[PDB]
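Presented below is the structure to which this report refers.
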Amino acid sequence: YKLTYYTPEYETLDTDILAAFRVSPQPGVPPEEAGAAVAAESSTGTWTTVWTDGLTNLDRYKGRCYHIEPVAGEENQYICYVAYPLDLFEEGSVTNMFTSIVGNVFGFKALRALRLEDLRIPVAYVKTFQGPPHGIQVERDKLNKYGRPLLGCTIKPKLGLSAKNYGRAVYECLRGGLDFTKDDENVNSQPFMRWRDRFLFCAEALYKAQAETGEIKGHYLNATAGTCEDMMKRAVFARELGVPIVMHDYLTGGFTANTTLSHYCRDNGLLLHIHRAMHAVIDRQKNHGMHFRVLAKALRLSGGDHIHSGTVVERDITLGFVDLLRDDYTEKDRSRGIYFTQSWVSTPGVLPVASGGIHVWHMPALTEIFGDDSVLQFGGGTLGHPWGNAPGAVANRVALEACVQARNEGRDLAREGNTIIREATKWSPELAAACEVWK
Amino acid sequence: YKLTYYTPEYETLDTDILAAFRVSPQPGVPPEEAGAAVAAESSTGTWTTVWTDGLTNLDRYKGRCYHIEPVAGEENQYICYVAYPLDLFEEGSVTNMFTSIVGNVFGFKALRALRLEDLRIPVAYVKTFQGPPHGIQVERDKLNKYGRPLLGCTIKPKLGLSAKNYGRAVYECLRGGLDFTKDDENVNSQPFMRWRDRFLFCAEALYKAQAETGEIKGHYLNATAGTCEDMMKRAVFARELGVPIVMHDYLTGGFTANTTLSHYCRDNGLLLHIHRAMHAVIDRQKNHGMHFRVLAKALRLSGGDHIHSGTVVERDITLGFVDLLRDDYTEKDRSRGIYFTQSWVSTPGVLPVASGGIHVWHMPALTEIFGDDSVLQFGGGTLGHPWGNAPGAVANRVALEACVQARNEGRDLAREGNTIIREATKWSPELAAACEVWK
Amino acid sequence: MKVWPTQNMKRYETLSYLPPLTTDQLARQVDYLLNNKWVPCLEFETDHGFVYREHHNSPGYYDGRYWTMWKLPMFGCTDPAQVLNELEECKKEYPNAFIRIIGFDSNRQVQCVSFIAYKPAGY
Amino acid sequence: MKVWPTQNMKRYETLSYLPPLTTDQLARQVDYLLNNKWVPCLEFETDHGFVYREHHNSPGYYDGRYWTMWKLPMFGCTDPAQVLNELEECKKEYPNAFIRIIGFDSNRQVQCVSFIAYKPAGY
Ligand SMILES: [Mg+2]
Ligand SMILES: [Mg+2]
């Protein structure tokens with residue numbers, strides 16, 4: 001294992017997939033062996049040697065541990081860097097990329113734990129994927145929405161409403177100045193709210209709110225389903241209704257179904273909102289699993305227009321992967337957990353979506369941190385307004401525009417954010433009512 | 001047959017299908033043998049024993065007669081209760097359920113007569129069926145019709161009108177405030193009125209009446225046909241016209257075709273009105289056949305939104321099976337012929353439809369008995385009005401709303417029904433004219 | 001023999017074929033909601049008070065079913081007068097609107113009532 | 001408890017929920033464009049002012065997104081006053097038009113800004 005798979009002299013090729021693994025060896029397993037084992041067990045390592053190995057050149061197909069560095073602060077933890085040749089991977093298959101790199105090694109007994117922190121996806125592999133159906137620039141052009149964050153609301157309660165009452169909440173949300181309402185990740189098709197009923201009533205509500213306001217509106221119609229056939233029937237009806245945006249739970253549906261829906265969305269002009277339900281099973285613990293940035297990069301290849309990127313109540317790490325989702329080129333930056341320089345060779349960016357327990361007083365911080373190319377998703381913060389959904393919506397839209405205006409004038413959102421909101425309460429009764437309820 | 005199939009000590013499982021048979025044995029067949037024979041002949045019983053029985057465990061697959069009680073009043077008649085295991089039945093197939101339980105036993109020579117009164121359909125079997133395409137709540141939400149019975153009219157004469165003349169009668173019906181008109185069960189496609197012609201003219205009429213009144217209208221388009229291909233062509237054209245509701249004769253078309261149509265209706269947003277033509281061949285006689293409640297249960301599984309539930313001019317028995325059609329849970333009640341506690345685990349309810357020989361003076365009784373979640377169907381009572389179809393319709397709609405208003409005010413429809421109608425005659429000349437003609 | 005009219009004969013579902021409800025009759029219909037533990041709400045519309053089809057054509061799709069909510073549903077309302085007061089406030093802000101009272105049954109989990117409370121003049 | 005109105009409440013995207021921009025506020029929004037090296041341009045519309053669907057109804061197709069360009073983008077504009085002058089010239093020729101200021105980022109290669117500068121009376 002040691003002499004074949006630990007190759008500190010190896011110069012990485014531009015076609016190589018590079019992995020940064022956080023490696024926690026078993027006591028008395030030295031780093032060099034840990035690193036070789038990770039390489040070996042994620043590629044061509046066999047427990048006994050076999051004659052068939054002589055029919056090929058395994059140096060062409062081996063993973064190579066080419067660098068090891070200790071982790072500051074931790075006892076017995078290392079970043080192992082591994083190079084995988086391009087030839088390992090099926091073209092355009094995130095399923096295969098994950099299977100090849102993480103399918104086997106995380107159970108290896110010489111490791112106590114293992115986390116994948118980052119992947120350098122080479123540009124030749126990037127070009128085998130469609131990527132986002134539309135991406136940031138195209139979405140803004142289609143929706144005619146420039147120069148601010150977009151605004152959404154998750155409909156609550158997730159279960160218990162009839163399809164008509166759910167649509168009532170959508171209309172009242174959208175008409176007050178939200179761009180989007182949304183299905184909860186859990187809302188697929190259930191006894192009290194069958195999917196096609198929901199789709200139909202959401203369409204009526206969305207179109208009423210668009211005719212009333214004159215702004216383009218969307219509702220994230222959740223097409224996540226048990227089978228590919230079911231998922232497609234749902235996306236098809238969305239196409240038939242003429243509505244702009246569907247959604248998928250990409251981790252629980254999985255990459256194979258996700259990439260099918262991403263291709264359908266490009267072929268039929270549908271935006272695709274991506275929910276990251278189940279990410280925390282994988283990405284929460286520092287010692288074991290896969291960092292979200294890896295899941296984000298994977299989504300940008302398989303394809304979606306939006307991806308849930310979390311609340312921001314470390315900031316630097318979040319800002320790290322937000323740049324990985326949006327930009328064409330991100331340079332290595334260890335302070336932001338970017339282990340590799342990443343190019344996307346004009347693959348479109350994905351809009352990050354901020355959600356959780358946010359309300360009007362969060363608006364300056366969120367606008368400062370994310371900037372314009374983001375979606376800010378209220379649930380409680382719209383529906384919990386004392387005057388109902390439309391005033392909820394107006395409060396959020398006013399707070400946002402107030403912040404955007406203040407930022408454009410040269411005001412510091414970090415220092416004057418509270419004051420910007422207070423000023424707007426003087427002329428917006430809707431916002432004044434919200435500001436009494438929260439903080 | 002005695003020792004294997006009569007099991008009075010058997011505890012029924014939550015997965016078992018339970019049957020209540022009214023058993024009329026041949027003279028000198030004791031009850032226990034009659035009951036065992038019913039169980040045996042509806043499951044595993046052979047006339048000579050066979051070696052292949054030793055390749056399995058027949059105790060897992062036998063029907064078990066677990067209880068017998070005499071019938072009050074009738075000579076030599078018993079209620080026998082039989083448990084059938086879940087594993088006997090194809091998932092989602094009413095066809096198979098009826099074949100298994102009623103396919104063989106009713107010809108058994110030791111019985112003079114045999115009637116199936118009731119079935120306990122276990123919740124694990126219930127969840128294999130789609131059930132109603134929409135059901136009561138969703139139908140109300142789609143049509144925007146709350147807080148009263150719905151009102152329909154069968155077009156008469158059933159045969160002999162041209163397609164255009166038939167559509168003329170539909171328009172004049174609908175415009176006077178009926179929610180629905182309807183094809184007779186007999187009207188499929190016939191020499192003087194081919195189905196596609198009827199559909200086209202009925203569409204013109206229904207949309208004219210809707211544009212005139214501002215209330216959503218439907219016409220029950222009968223898709224019943226000789227073949228599945230023909231049935232589907234008819235449902236598809238209804239889909240193309242954008243009309244809300246189709247119809248099927250579920251007993252004469254049959255459960256295989258009915259379940260196909262029910263699934264199409266769910267997938268295409270069509271309400272399904274179900275007519276019970278031929279029910280009286282099966283359900284009329286007390287000592288032989290199947291009670292309607294069993295046919296109703298079956299329809300709720302196969303699927304429809306409305307089902308003909310009869311006139312009420314025993315009440316308790318009708319109210320029994322109406323609850324079985326509408327509610328989520330109905331407790332055993334021998335006074336209403338409910339032999340088993342029935343849960344539906346959120347399978348939607350079906351609208352019962354009252355029909356046959358009814359007129360404006362029936363409206364208090366019908367509103368009292370059925371309540372709001374019903375369809376009241378007035379053929380003669382609309383088309384027999386001396387002023388024609390629109391005044392006919394107005395008379396019925398006014399009588400109904402007068403009843404609803406009176407009920408909501410706290411009046412007793414049972415005691416003051418006549419007076420409620422008389423009061424409404426004072427301001428509705430259309431209702432005054434109807435009240436002179438009938439009663 | 002009367003002919004039922006064609007022109008300016010739009011209806012609003014349940015109770016719209018009766019004479020317009022007096023203030024007392026309205027209060028008794030609201031009392032029925034409260035006695036059944038239904039939550040009253042008001043809804044209004046200024047543009048089209050009827051059903052039509054603009055945005056889509058497929059079975060069970062209609063525009064004009066949703067009106068606009070006046071405030072919020074009146075949870076823990078004990079008195080019909082509170083509803084009739086909101087009715088008057090709504091008529092004051094939108095004299096040109098159609099206004100209906102709706103009801104929510106939180107147990108059946110559906111809207112369960114809908115009847116017209118006010119129409120503008122000429123309707 | 002105020003009810004958000006339904007009637008004559010059309011909006012124009014970013015900044016249209018704020019009070020109408022004063023001359024000074026307008027000049028500061030134009031300064032932000034110029035400080036970022038974005039090219040300001042004016043766009044006007046006399047007919048609709050909102051999005052609708054006439055010619056097609058497939059996903060992401062709307063009519064009314066394109067308005068009409070006033071002249072050309074103002075390449076090498078250094079002073080907000082030059083934009084405000086064009087705004088005045090446009091208002092003079094089309095007093096009945098909606099007028100928005102748009103911005104082009106030649107580096108990102110997209111339109112990046114769109115805010116309403118003038119509405120006719122009644123809007
Ligand atoms: Mg959620
Ligand atoms: Mg008939």
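Here's how to read the names in the structure tokens: chain A, B, ... by the order shown, residue numbers from 1 in each chain, ligand numbers from 1 in the order shown.
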
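Taking only C-alpha atoms and all ligand atoms into account, every polymer residue with at least one atom at most 7 Å away from ligand 2 is listed here: residues 154, 184 and 185 of chain B.
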
Determine, counting only C-alpha atoms, which protein, DNA and RNA residues have an atom within 12 Å of an atom of residue 87 in chain D; residues of the same chain fewer than 5 positions away are not included. Present the result as number ranges by chain.
D: 23, 26-27, 30, 40-44, 70-71, 80-82, 92-95, 97-102, 116-119

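Across the structure, CA of residue 341 in chain A and CA of residue 126 in chain A are spaced 13.8 Å apart.
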
Set the cut-off to 9 Å, count only C-alpha atoms and all ligand atoms, and list whatever residues fall near ligand 1 as a PyMOL selection string.
chain A and resi 154-156+158+182-187+275+277+355-356+379

Counting only C-alpha atoms, which residues from chain A have an atom at most 9 Å from any atom of chain C, and could you show them as a ChimeraX atom specification?
/A:160-162,164-165,167-168,171-172,200-201,203-205,207-208,240-242,386-388

Select residues of chain A: the criterion is any atom within 8 Å of an atom of chain B, counting only C-alpha atoms; output as a PyMOL selection string.
chain A and resi 162-164+191-192+196-197

From the set C:12, C:114, C:3, C:46, which residue has the shortest atom-to-atom contact distance to chain D, counting only C-alpha atoms?
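Checking each of C:12, C:114, C:3, C:46 against chain D, counting only C-alpha atoms, the winner is C:46.
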
Can you check which parts of chain D lie within 10 Å of chain C? Per residue, the shortest pair of atoms and distance in Å to one decimal, counting only C-alpha atoms, sorted by chain and number, as JSON lines.
{"residue": "D:1", "atom": "CA", "partner": "C:71", "partner_atom": "CA", "distance": 7.0}
{"residue": "D:2", "atom": "CA", "partner": "C:71", "partner_atom": "CA", "distance": 7.2}
{"residue": "D:3", "atom": "CA", "partner": "C:71", "partner_atom": "CA", "distance": 5.8}
{"residue": "D:4", "atom": "CA", "partner": "C:71", "partner_atom": "CA", "distance": 8.8}
{"residue": "D:5", "atom": "CA", "partner": "C:68", "partner_atom": "CA", "distance": 9.3}
{"residue": "D:6", "atom": "CA", "partner": "C:46", "partner_atom": "CA", "distance": 7.8}
{"residue": "D:7", "atom": "CA", "partner": "C:46", "partner_atom": "CA", "distance": 7.3}
{"residue": "D:53", "atom": "CA", "partner": "C:55", "partner_atom": "CA", "distance": 8.7}
{"residue": "D:57", "atom": "CA", "partner": "C:55", "partner_atom": "CA", "distance": 8.6}

What's around residue 420 in chain A at 7 Å? Count only C-alpha atoms, leave out sequence neighbours fewer than 3 positions away in its own chain, and write the answer as a ChimeraX atom specification.
/A:402-403,416-417,423-424

Go ahead and compute the interatomic distance for CA of residue 224 in chain B and CA of residue 259 in chain B, in Å to one decimal.
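CA of residue 259 in chain B lies 12.7 Å from CA of residue 224 in chain B.
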
Find the residue from D:91, D:16, D:123, D:79 that sits nearest to residue 32 in chain D; use only C-alpha atoms when measuring.
D:79

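Remark: for residue 78 in chain D, the closest of the candidate residues D:105, D:13, D:31, D:24 is D:31 (distances computed over only C-alpha atoms).
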
Write out as an MDAnalysis selection string all residues of chain C that DSSP puts in alpha helix (DSSP H) for this structure's backbone.
chainID C and resid 23:35 80:93

Taking C-alpha atoms for each residue, export the selection above as a compact mmCIF listing (two decimals), in the first residue's frame.
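Written out: selection14.txt:
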# COMPACT_ATOMS: atom_id res chain seq x y z
CA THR C 23 -78.92 42.90 8.47
CA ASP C 24 -80.89 40.54 10.84
CA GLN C 25 -80.89 37.62 8.35
CA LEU C 26 -77.10 38.16 7.85
CA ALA C 27 -76.58 38.06 11.62
CA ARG C 28 -78.52 34.72 11.83
CA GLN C 29 -76.31 33.18 9.07
CA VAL C 30 -73.21 34.33 10.99
CA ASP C 31 -74.70 32.84 14.19
CA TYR C 32 -74.93 29.43 12.37
CA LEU C 33 -71.14 29.66 11.65
CA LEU C 34 -70.33 30.53 15.29
CA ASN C 35 -72.65 27.81 16.71
CA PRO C 80 -72.23 38.24 14.98
CA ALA C 81 -71.94 42.03 15.42
CA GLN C 82 -68.11 41.83 15.07
CA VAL C 83 -68.56 40.33 11.57
CA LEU C 84 -71.25 42.85 10.58
CA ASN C 85 -68.87 45.65 11.77
CA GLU C 86 -66.10 44.37 9.46
CA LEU C 87 -68.70 44.12 6.67
CA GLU C 88 -69.45 47.85 7.17
CA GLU C 89 -65.73 48.76 7.27
CA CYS C 90 -65.21 46.77 4.01
CA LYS C 91 -68.20 48.46 2.27
CA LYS C 92 -66.76 51.84 3.37
CA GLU C 93 -63.32 51.13 1.82
